[PDB]
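Beneath this line is the structure, given in structure tokens, with notes to follow.
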4 protein chains.
Amino acid sequence: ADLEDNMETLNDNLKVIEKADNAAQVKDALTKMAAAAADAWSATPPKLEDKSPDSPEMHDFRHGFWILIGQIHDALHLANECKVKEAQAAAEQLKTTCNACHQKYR
Amino acid sequence: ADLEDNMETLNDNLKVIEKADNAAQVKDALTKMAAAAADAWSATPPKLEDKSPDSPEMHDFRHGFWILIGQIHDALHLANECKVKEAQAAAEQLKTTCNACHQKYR
Amino acid sequence: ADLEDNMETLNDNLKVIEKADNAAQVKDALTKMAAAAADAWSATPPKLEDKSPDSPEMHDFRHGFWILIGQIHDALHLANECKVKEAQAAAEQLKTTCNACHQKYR
Amino acid sequence: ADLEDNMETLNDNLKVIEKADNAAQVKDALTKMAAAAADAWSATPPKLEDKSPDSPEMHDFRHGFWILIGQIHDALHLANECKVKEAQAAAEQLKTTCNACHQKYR
Ligand code: HEM
Ligand code: HEM
Ligand code: HEM
Ligand code: HEM
Ligand SMILES: *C1=CC(=O)N(CCN2C(=O)C=C(*)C2=O)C1=O
Ligand SMILES: *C1=CC(=O)N(CCN2C(=O)C=C(*)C2=O)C1=O
Ligand SMILES: [Zn+2]
Ligand SMILES: [Zn+2]
Ligand SMILES: [Zn+2]
Ligand SMILES: [Zn+2]
Ligand SMILES: [Zn+2]
Ligand SMILES: [Zn+2]
Ligand SMILES: [Zn+2]
Ligand SMILES: [Zn+2]
Ligand SMILES: [Zn+2]
Ligand SMILES: [Zn+2]
Ligand SMILES: [Zn+2]
Ligand SMILES: [Zn+2]
Ligand SMILES: [Zn+2]
């Protein structure tokens, strides 16, 4: 999958999580988010097509994904404990990371 | 320090960070934040005086601090990297965590 | 709690985990480790009594605790997920963090 | 890149790091390590071709990558901070993660 396309998988699963009823559903939604993040990992964003893979601005772009993945990692443990509402809140809270990268590189 | 006291330290240093000029100032403010968070970890909040240290709400209260500390850890690396504005935004973004716990347990 | 003493709580519970039988035992051992680390957080080590709270060396000493706490945080989730052996391995593996700090500052 | 291929990228850059002189070299090697880890994340290992992507076994295989990635993230901060030797030692210490997974699923 491509960048914008991974981003839509991130967006749709966030919606899936918000609305879910049970631990297995968030389980699965977060799992798909993790894969999408992992895929996005090496992608070059339109805004930075000029920059090299070594620039400060590529390094900082990627860093945003480390944060996201670490946060999906944690939400997933909460899910795996059947702290369903707790996992939804963590899912909701990670929008701060989405936003922080969008405001810089999108 | 007690829990309200640690919270003030957190709120104050956030202000310090927002307004700061150089890396050393942010470094220092985050460092104090990290100590306050570390101290607050063991505390019992008024709202849960009547629950047990082993409660769901106690295990979830504590968890918020691990999030915050992890996020202060990261912002500090940015500061140490002279990515000052980057560190200020990370500082800014962890109000998400502050708020999430306040809504629940304040 | 004073530093060496927190360290002994860290060492004793590591033994406890290594030998445990059930999830609840490891839960409790890791919980106590977490509190010990959180207390140790701000302590000044003998080797650095002449250094300032702001020095590079104090910052780097503190950093080691960030790592330990984040690793205890993770191991705890594994315990809470009834993945007992997985949690014992994670407990076993964070000896690397113990060691890395001892070799520098002990 | 395939699983075995990502593993060699991991092993090679570890060497590169061991032997390095300056921080850009470590920076660059860790960066490549993170991409390899990110790519590997989705892989199915030969030992579990017969289990399902939903298994206890697959969930636990994947978890090891999150650990490794989290550890590469941290070591990279150290590199970015010109704490070269510190970054080398962190690189070295994450062999504990490499080994833990190999003992289990290689
Ligand atoms: C976090 C969970 C997250 C979500 C959700 C998300 C979604 C998303 C949308 C909905 C878009 C709009 C693109 C469009 O054309 O409609 C979008 C675009 C970009 N994002 Fe994103 N995205 C999330 C996270 C992140 C993170 C963590 C980063 C940076 C590390 C990031 C970056 C970007 C970039 C760049 C784009 C634009 C890409 C382009 O080709 O125009 N996003 N994402
Ligand atoms: C995050 C950086 C954070 C900030 C900032 C913050 C601020 C803050 C203030 C200013 C108050 C008190 C206002 C008054 O007039 O008394 C306050 C109080 C509480 N907080 Fe807080 N706080 C932050 C973080 C967190 C986190 C992460 C938690 C839980 C995980 C948490 C909890 C609480 C609680 C409980 C109180 C009030 C308890 C009391 O004895 O009054 N805070 N915070
Ligand atoms: C990690 C899990 C960990 C263990 C285990 C550990 C053990 C330990 C002991 C048992 C002592 C004192 C022996 C006694 O009973 O008298 C001790 C002392 C020190 N440590 Fe340690 N320690 C662990 C973790 C860490 C970490 C993460 C750091 C660095 C940030 C660190 C450092 C030190 C230092 C310095 C001492 C000297 C204390 C003293 O003897 O006065 N340790 N440790
Ligand atoms: C950590 C940085 C790490 C290193 C280093 C590493 C090395 C490594 C080598 C050298 C091989 C040999 C491959 C070959 O046949 O040519 C290898 C293979 C496997 N590894 Fe690995 N590996 C590191 C990390 C990890 C982690 C985190 C896991 C699990 C989460 C893991 C597992 C495996 C598996 C499985 C193989 C075998 C693949 C195959 O032979 O088809 N490794 N690794
Ligand atoms: C979340 C709700 C629930 O019932 N379970 C099962 C209980 N459980 C443990 O206590 C440890 C593993 C486990 O399944 C949940 O995880
Ligand atoms: C803070 C970040 C920074 O880079 N510097 C000065 C020189 N320096 C680097 O540029 C990279 C490591 C290093 O010491 C700061 O003072
Ligand atoms: Zn689009
Ligand atoms: Zn957690
Ligand atoms: Zn106190
Ligand atoms: Zn004040
Ligand atoms: Zn970071
Ligand atoms: Zn002693
Ligand atoms: Zn002794
Ligand atoms: Zn984990
Ligand atoms: Zn590949
Ligand atoms: Zn092979
Ligand atoms: Zn081969
Ligand atoms: Zn191949
Ligand atoms: Zn760090």
Side-chain angles (χ1 to χ4, degrees), chain C residues 10-11 14 17-18 22-23 26 30 33-34 37 41 45 47-48 51 54-106, chain D residues 10 14 17-18 23 26 30 33-34 37 41 45 47-48 51-106:
Chain C
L10 285 180
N11 212 26
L14 230 30
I17 295 155
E18 208 200 2
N22 76 163
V26 42
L30 284 165
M33 292 189 76
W41 167 278
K47 219 255 194 57
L48 306 179
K51 310 278 167 58
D54 239 4
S55 95
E57 265 115 297
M58 279 307 289
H59 275 282
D60 198 66
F61 173 78
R62 273 186 306 259
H63 189 261
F65 285 120
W66 268 338
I67 306 306
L68 191 71
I69 284 153
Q71 288 175 141
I72 291 152
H73 172 208
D74 206 73
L76 187 56
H77 282 311
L78 296 177
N80 294 353
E81 273 182 2
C82 293
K83 317 219 180 154
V84 179
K85 317 217 152 169
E86 288 92 339
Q88 292 158 64
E92 234 303 335
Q93 292 165 35
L94 56 57
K95 289 177 156 152
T96 298
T97 314
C98 304
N99 289 170
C101 185
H102 296 163
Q103 116 194 155
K104 216 145 152 173
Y105 302 127
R106 184 160 149 203
Chain D
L10 263 10
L14 226 37
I17 286 156
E18 220 200 10
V26 180
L30 287 169
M33 292 189 69
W41 150 276
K47 223 252 229 341
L48 323 157
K51 326 218 158 115
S52 129
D54 289 345
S55 74
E57 261 98 332
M58 274 321 271
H59 267 269
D60 197 64
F61 175 71
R62 284 196 282 270
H63 189 260
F65 285 114
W66 276 345
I67 301 305
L68 179 78
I69 284 153
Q71 286 171 154
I72 294 158
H73 175 200
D74 203 75
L76 182 59
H77 282 308
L78 299 177
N80 291 352
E81 285 171 18
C82 306
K83 298 189 175 199
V84 176
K85 310 234 190 226
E86 288 88 344
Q88 280 168 241
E92 164 83 28
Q93 289 158 31
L94 88 212
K95 291 176 155 150
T96 302
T97 312
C98 309
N99 295 167
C101 180
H102 295 158
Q103 296 187 186
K104 212 140 156 172
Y105 307 132
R106 186 147 79 175

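Computed over heavy atoms, backbone and side chain alike; hydrogens, waters and symmetry mates excluded. Below, chain A is the first sequence line, B the second, and so on; all start at residue 1.
By the ring-ring contact (aromatic ring centres under 6.0 Å, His included) test, D:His59 pairs with no residue at all, sequence neighbours left out.
With a threshold of 4.5 angstrom between heavy atoms, C:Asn99 does not approach chain D through any atom at all. Neither the backbone nor the side chain of D:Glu92 comes within contact range of chain C; no heavy atoms are under 4.5 Å apart. Heavy atoms closer than 4.5 Å to chain D are found in the side chain of C:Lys104, but not in its backbone.
Taking a cutoff of 4.0 Å between a charged side-chain nitrogen and a carboxylate oxygen, D:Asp60 and C:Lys83 do not qualify as a salt bridge.
Distance check: C:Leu10 CG to C:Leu94 CG gives 9.0 Å after rounding to the nearest 0.5 Å.
Proximity of C:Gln88 to C:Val26: side-chain heavy atoms (C-beta onward) are nowhere separated by under 4.5 Å.
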